[PDB]
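Structure first, then comments.
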Amino acid sequence: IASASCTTXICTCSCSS
């Protein structure tokens, strides 16, 4: 429900580091 880089459908995923 909330993360960065990490799922397949809702909306986060990844994106930096």
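Residues in the structure tokens are numbered from 1 in each chain, the chains being A, B, ... in the order shown, and ligands are numbered from 1 in the order shown.
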Can you pull out every residue within 10 Å of residue 2 of chain A, counting only C-alpha atoms, but drop anything in the same chain fewer than 2 positions away, and send it as a PyMOL selection string? chain A and resi 4-7+10-13
